[PDB]
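Working notes, beginning with the structure itself.
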Amino acid sequence: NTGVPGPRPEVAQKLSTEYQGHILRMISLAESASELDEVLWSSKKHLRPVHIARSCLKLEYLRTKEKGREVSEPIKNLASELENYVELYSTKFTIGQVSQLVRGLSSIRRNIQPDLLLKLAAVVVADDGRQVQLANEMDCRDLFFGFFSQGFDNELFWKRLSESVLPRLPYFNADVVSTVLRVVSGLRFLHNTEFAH
RNA sequence: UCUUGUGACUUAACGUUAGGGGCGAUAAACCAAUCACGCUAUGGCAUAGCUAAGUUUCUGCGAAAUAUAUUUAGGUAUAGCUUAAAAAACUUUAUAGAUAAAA
Ligand SMILES: [Mg+2]
Ligand SMILES: [Mg+2]
Ligand SMILES: [Mg+2]
């Protein structure tokens with residue numbers, strides 16, 4: 001934390017404490033779904049949108065070792081429990097946090113309720129796509145693949161996102177451009193358009 | 001062994017002054033076997049935060065010697081001590097980009 005004036009007060013006025021780092025470390029230290037469940041049970045009353053967003057990615061990391069078997073039972077239970085927090089904080093997420101929520105829940109082959117997806121999509125539909133700029137390159141590639149995997153088909157959502165990302169396409173990394181290209185080929189309403197070209 | 005031994009002497013009988021007192025060539029001396037207030041009865045089973053003592057058996061539980069205040073310091077009061085696998089809570093501190101399902 002710093003009090004020096006600067007060009008970006010949005011990312012400089014954020015308050016960072018030791019207690020938040022303590023909880024985030026515990027989540028990352030968990031080595032199994034059983035351990036992660038106990039960590040979340042102890043911290044029930046001290047979970048915030050940042051913690052919820054990070055936990056969803058943890059499920060993705062934990063299931064990578066279970067390459068052969070299907071999704072384990074404790075992983076499914078954690079996903080259901082987390083969704084209760086997502087609904088509670090549906091209007092208190094940032095574009096970066098929403099980006100990693102969808103990716104985490106999509107990697108477990110889980111489907112989000114249509115009402116919840118509509119609420120989360122407001123991050124890019126509101127403020128005429130201003131919040132898209134705040135998102136960095138890593139956030140953008142997860143937004144495209146995450147929402148595409150969820151089966152979310154909304155012309156207004158995809159039209160606004162495409163317009164706000166078009167200027168930055170030439171300067172993204174090659175892999176990120178490839179990810180966007182695959183998503184476009186899967187959506188009929190984006191074929192043979194300026195965005196595709 | 002020593003002092004005085006006709007004198008401010010010694011002795012016998014009876015009498016006078018009484019304790020908030022008497023008497024005293026003053027030693028606080030004497031006033032019925034030891035007086036800086038006699039003896040006896042009563043108030044009176046005076047008062048003692050001090051010392052001593054406290055009488056048959058069996059079963060169960062079980063301390064303290066610190067703090068504060070005190071005409072208080074070897075007394076007493078208050079607090080402390082002793083008797084009388086539930087619920088709830090998450091604590092010894094700081095951080096990432098790992099998924100690829102469609103001719
Ligand atoms: Mg004298
Ligand atoms: Mg005992
Ligand atoms: Mg006084």
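Nothing in this text is a laboratory measurement; each read-out follows from the coordinates by a stated rule. Cβ atoms come from the backbone with ideal geometry, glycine included; neighbour counts cover every protein chain shown.
Being touching a residue at least 40 places away in the same chain (Cβ under 8 Å), surrounded by 14 or more Cβ atoms within 10 Å (Cβ to Cβ) and either closer than 24 Å to A:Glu87 by Cβ or more than 8 Å from RNA strand B (Cβ to nearest atom) (or both) narrows it down to one of A:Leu47, A:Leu62, A:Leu36, so name that one.
A:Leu36
Across segment A:4-32, what is the total count of residues that are under 20 Å from the mean Cα position of the chain (by Cα), more than 9 Å from RNA strand B (Cβ to nearest atom) and part of a helix (DSSP H, G or I)?
2
Please verify whether segment A:160-176 includes one or more residues that are within 13 Å of A:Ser99 (Cβ to Cβ), within 14 Å of the chain's Cα centre (by Cα), within 16 Å of RNA strand B (Cβ to nearest atom) and buried (at least 16 other Cβ atoms within 10 Å of the Cβ).
no
Within the group A:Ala53, A:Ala79, which residue is within 24 Å of A:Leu116 (Cβ to Cβ), of a type in the set (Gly, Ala, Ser) and near RNA strand B (Cβ under 10 Å from one of its atoms)?
One residue alone meets the criteria, A:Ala53.
Given (1) part of a loop (DSSP other than H, G, I, E, B); (2) surrounded by 10 or more Cβ atoms within 10 Å (Cβ to Cβ); (3) of a type outside the set (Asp, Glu); (4) touching a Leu at 6+ places or on another chain (Cβ under 8 Å), identify the lone condition not met by A:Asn1.
(2)
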